[PDB]
Amino acid sequence: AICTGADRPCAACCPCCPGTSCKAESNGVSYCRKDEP
């Protein structure tokens, strides 16, 4: 299925692309961010 993309704001339907993960922040909004080492 289509995904959002790292460094981008998650969406209601949709999870982050394969490799990036959705993570909420203190500001209240959540954005995707590529995995880290």
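Per the PDB record, this model was obtained through solution NMR.

Can you break down the pattern of salt bridges residue by residue, with the values?
If you walk through the whole model with that rule in mind, you get 1 salt bridge. Among the salt bridges present, the one from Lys 34 reaches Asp 7, with a minimum N-O distance of 3.0 Å. A residue pair is termed long-range when its members are at least 10 positions apart, and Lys 34 in strand β2 (residues 30–34) and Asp 7 in the segment before β1 (20–24) qualify at 27 residues.

An account of the environment of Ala 24 is needed here, citing residue identities and associated values.
Tracing the backbone through its elements, the reader meets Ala 24 in strand β1. Here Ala 24 falls in the exposed class, since its relative accessible area comes to 58%. Expressed as a C-alpha distance, the spacing of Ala 24 and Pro 9, which sit 15 residues apart in the sequence, is 9.5 Å. Non-local contacts of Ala 24, meaning those with residues more than four positions away in its chain, are made with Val 29 and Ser 30.

Please provide a residue-by-residue account of the pairing of β1, values included.
Where β1 lies against β2, 5 bridges are found, and the strand directions are antiparallel. Along β2, the bridge assignment pairs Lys 23 with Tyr 31. The loop that links β1 with its antiparallel partner β2 comprises 5 residues; one of these, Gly 28, has a positive phi angle of about 105 degrees.

Thresholds applied
- Residues numbered from 1 in each chain as written, not as in the entry; some residues may be left out.
- Heavy atoms only, no water.
- Salt bridge = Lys/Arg side-chain N within 4 Å of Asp/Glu carboxyl O.
- Helix = DSSP H or I, 4+ residues; strand = E, 2+ residues; numbered from the N terminus.
- Buried < 20%, exposed > 50% of the residue type's maximum accessible area, 1.4 Å probe, protein only.
- Contact = heavy atoms within 4.5 Å.
- Pairing = 2+ DSSP bridges.

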